[PDB]
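Notes for the one structure printed next.
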Amino acid sequence: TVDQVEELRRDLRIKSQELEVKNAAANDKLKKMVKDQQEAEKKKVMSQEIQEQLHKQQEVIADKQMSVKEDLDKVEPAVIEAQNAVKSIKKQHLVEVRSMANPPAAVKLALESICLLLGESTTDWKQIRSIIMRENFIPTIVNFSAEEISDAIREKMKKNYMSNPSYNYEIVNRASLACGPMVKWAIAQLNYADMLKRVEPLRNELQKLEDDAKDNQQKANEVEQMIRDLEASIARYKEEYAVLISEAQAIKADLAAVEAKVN
């Protein structure tokens, strides 16, 4: 059995030599994980380093959004109020105006201001009065978005019309029941048209932020995507090395035991 004793010995020699194989292989798998982790934790810190920026960003967004809300809710109610005061007209006043030979100051005024707003250089009377009584007129005024006014005609209005003590509702209405409504209109309109010079950068600002927020949101998911993709591709190696270790040492058990008997 001496031959056998020695061949058992060299057989163990193999077994150990191959335990180099298993053990070192394990040590390799672990290196793989430690690397994957080294990018996983990394990406995690990145993840919140985003989350909080997105937060602050959104705070700003909310502030300016409410700012808009109030800014518009201020001057808006007076507008649609007047936008329908123009379609509450009985035609009695419509021809009170349309067949005007020689108009009072206030009506000529009102219709002039309107003709300005809607974009008419002509301040000639008769043409103005025919222009007034038309099929399109009223619908234009109802469809008239204040976003269609230059930053010049605003002050043309302010400087000439509303600064003058006769451009008012009581006066203009007393003059004619028709021009009153649209006086109110042009007024509330002049106000909104003002306000939108304050809102015109706000909106264009929310733009810059909303985008980069959503832009950041996406770049935040791509991370958590990656982060989870590692969590899953690490979990393999975890359960792999684990079972692997139960091998090297179970083998490493026989290697000690058999020398205990040849001794």
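All residue names refer to the structure tokens as shown: chains lettered A, B, ... in order, residues numbered from 1 in each chain, ligands numbered from 1 in order.
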May I have a table of the residues of segment 97-158 of chain A lying at most 9 Å from segment 184-202 of chain A, giving each one's closest pair of atoms and their distance in Å to one decimal, counting only C-alpha atoms, ordered by chain and ascending residue number, as a tab-separated table?
```
residue	atom	partner	partner_atom	distance
A:110	CA	A:186	CA	8.5
A:113	CA	A:186	CA	7.4
A:114	CA	A:186	CA	6.6
A:117	CA	A:186	CA	7.6
A:141	CA	A:185	CA	8.8
A:146	CA	A:193	CA	5.7
A:147	CA	A:193	CA	6.9
A:148	CA	A:193	CA	8.7
A:149	CA	A:193	CA	7.1
A:151	CA	A:197	CA	8.5
A:154	CA	A:190	CA	6.9
A:157	CA	A:190	CA	8.1
A:158	CA	A:190	CA	8.3
```
Looking at A:232, A:58, A:91, A:48, which one is nearest to residue 177 of chain A, with distances taken over only C-alpha atoms? A:91
Closest of A:229, A:124, A:49, A:73 to residue 36 of chain A - atom-to-atom distances counting only C-alpha atoms: A:229
Long-range neighbours of residue 206 of chain A as a list in words, 8 Å cut-off, only C-alpha atoms, 2 positions minimum in chain: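 Counting only C-alpha atoms, the residues come to residues 61, 64, 65, 202, 203, 204, 208, 209 and 210 of chain A.
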Store the residues picked out above, limited to N, CA, C and O atoms, as a tab-separated table (two decimals), in the first residue's frame.
```tsv
chain	number	residue	atom	x	y	z
A	61	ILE	N	-39.40	76.87	-10.18
A	61	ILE	CA	-40.50	76.66	-11.11
A	61	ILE	C	-41.86	77.01	-10.49
A	61	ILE	O	-42.65	77.75	-11.08
A	64	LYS	N	-42.24	80.93	-9.67
A	64	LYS	CA	-42.53	81.70	-10.88
A	64	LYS	C	-43.89	81.37	-11.51
A	64	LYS	O	-44.52	82.23	-12.12
A	65	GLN	N	-44.32	80.13	-11.35
A	65	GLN	CA	-45.63	79.69	-11.83
A	65	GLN	C	-46.76	80.40	-11.10
A	65	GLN	O	-47.70	80.91	-11.72
A	202	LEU	N	-41.21	85.74	-18.02
A	202	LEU	CA	-41.51	84.67	-17.08
A	202	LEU	C	-41.77	83.35	-17.79
A	202	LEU	O	-41.16	82.34	-17.49
A	203	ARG	N	-42.70	83.38	-18.73
A	203	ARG	CA	-43.00	82.23	-19.56
A	203	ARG	C	-41.76	81.67	-20.24
A	203	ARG	O	-41.42	80.50	-20.06
A	204	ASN	N	-41.06	82.53	-20.98
A	204	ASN	CA	-39.79	82.15	-21.60
A	204	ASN	C	-38.71	81.69	-20.59
A	204	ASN	O	-37.77	81.00	-20.94
A	208	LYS	N	-37.07	77.49	-20.11
A	208	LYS	CA	-35.69	77.10	-19.79
A	208	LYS	C	-35.58	76.14	-18.60
A	208	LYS	O	-34.66	75.33	-18.53
A	209	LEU	N	-36.52	76.24	-17.66
A	209	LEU	CA	-36.46	75.42	-16.44
A	209	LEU	C	-37.22	74.11	-16.55
A	209	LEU	O	-36.71	73.05	-16.17
A	210	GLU	N	-38.47	74.19	-17.01
A	210	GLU	CA	-39.29	73.01	-17.23
A	210	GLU	C	-38.51	71.99	-18.04
A	210	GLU	O	-38.40	70.83	-17.64
```
Interatomic distance, atom CA of residue 119 of chain A to atom CA of residue 98 of chain A (Å, one decimal): 20.2 Å
Using DSSP assignments from the backbone, pull out every residue in segment 18-144 of chain A that falls under alpha helix (DSSP H) and give it to me as a ChimeraX atom specification. /A:18-75,77-85,91-98,105-117,125-132,137-143
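The residue that comes closest to residue 237 of chain A, out of A:132, A:111, A:25, A:86 and on the basis of only C-alpha atoms, is A:25.
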Restricting the calculation to only C-alpha atoms: of A:83, A:249, A:140, A:216, which residue gets closest to residue 46 of chain A? A:216
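Residue neighbourhood of residue 252 of chain A, excluding near-sequence residues (fewer than 5 positions): residues 15, 16, 19, 247 and 257 of chain A, at 9 Å, using only C-alpha atoms.
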From A:215, A:170, A:81, A:155, residue lying nearest residue 106 of chain A [only C-alpha atoms]: A:170
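Picture a line from atom CA of residue 133 of chain A to atom CA of residue 76 of chain A; it runs 27.1 Å.
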I need the residue nearest residue 109 of chain A from this list: A:150, A:136, A:168, A:127. Use only C-alpha atoms for the distance. A:168
Near residue 261 of chain A, within 12 Å and counting only C-alpha atoms, which residues show up once chain neighbours fewer than 5 positions away are dropped, as a ChimeraX atom specification? /A:5,8-9,254-256
Could you check how far atom CA of residue 45 of chain A sits from atom CA of residue 226 of chain A, in Å to one decimal? 12.7 Å
For residue 174 of chain A, work out the shell of residues within 12 Å, counting only C-alpha atoms and skipping chain neighbours fewer than 3 positions away, then give it as a ChimeraX atom specification. /A:93,104-107,166,168-171,177-181,183
Could you save the residues just selected, with C-alpha atoms, as a PDB file, in the first residue's frame?
```
ATOM      1  CA  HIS A  93     -77.186 102.241 -30.000  1.00  0.00           C
ATOM      2  CA  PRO A 104     -69.528 114.083 -29.578  1.00  0.00           C
ATOM      3  CA  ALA A 105     -65.855 114.216 -28.583  1.00  0.00           C
ATOM      4  CA  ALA A 106     -66.010 111.055 -26.444  1.00  0.00           C
ATOM      5  CA  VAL A 107     -67.380 108.722 -29.153  1.00  0.00           C
ATOM      6  CA  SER A 166     -62.162 112.481 -21.130  1.00  0.00           C
ATOM      7  CA  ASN A 168     -63.512 107.406 -19.202  1.00  0.00           C
ATOM      8  CA  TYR A 169     -66.522 105.087 -19.107  1.00  0.00           C
ATOM      9  CA  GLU A 170     -69.230 107.350 -17.642  1.00  0.00           C
ATOM     10  CA  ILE A 171     -68.495 110.154 -20.120  1.00  0.00           C
ATOM     11  CA  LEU A 177     -74.375 103.527 -25.079  1.00  0.00           C
ATOM     12  CA  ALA A 178     -72.261 101.725 -27.678  1.00  0.00           C
ATOM     13  CA  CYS A 179     -68.821 103.295 -27.152  1.00  0.00           C
ATOM     14  CA  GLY A 180     -68.955 102.745 -23.385  1.00  0.00           C
ATOM     15  CA  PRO A 181     -68.518  98.927 -23.517  1.00  0.00           C
ATOM     16  CA  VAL A 183     -64.047 102.007 -23.824  1.00  0.00           C
TER      17      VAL A 183
END
```
